[PDB]
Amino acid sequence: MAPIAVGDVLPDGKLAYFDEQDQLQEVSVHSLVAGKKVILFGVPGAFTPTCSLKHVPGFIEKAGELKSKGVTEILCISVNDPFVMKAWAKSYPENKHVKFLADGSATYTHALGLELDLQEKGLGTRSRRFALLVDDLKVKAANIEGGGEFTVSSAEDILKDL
């Protein structure tokens, strides 16, 4: 696939997470995003430095501002399994609004055209870093990095065009 772009319809797919009683759930992407304005941001890896100290904290810190400007859900996707994503979410006890979603087989990431080859670096195939603004399945903003750098995909850069 070519990278998803502004004006495209967001594809469906299945993502995994733990519920409040600590049970494994798997739901569709459209079950979390249809009929509403959302942000979906992608990271190359749970527990990696840029993702963990810069990219995710930006969303937690700006969540209030973003929700006051119409955002109804803020979803973080990674090519990691839901066991790892549960441990990663627990490292942010401060976080009430970011949902951590698991695409650990990279299926949804390839449907977005956002696969990234990190074989040499020791992470296998992951997602490119990115942030999308999506309003009832229509992509309104698509801020997509080449690889895992951090230049266009911050919370601040989605906020500024809301």
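Start at 1 with the first residue shown and count on from there.
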| property | result |
| --- | --- |
| 135-143 versus 14-22 - greater average Cα B-factor per the deposited record | 14-22 |
| Stretch with the higher entry mean CA B-factor, where the candidates are 36-44 and 92-100 | 92-100 |
| Candidate residues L114, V27, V56, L66, the one whose C-alpha B factor the record puts highest | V27 |
| Out of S127, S52, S105, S31, highest CA B-factor residue | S31 |
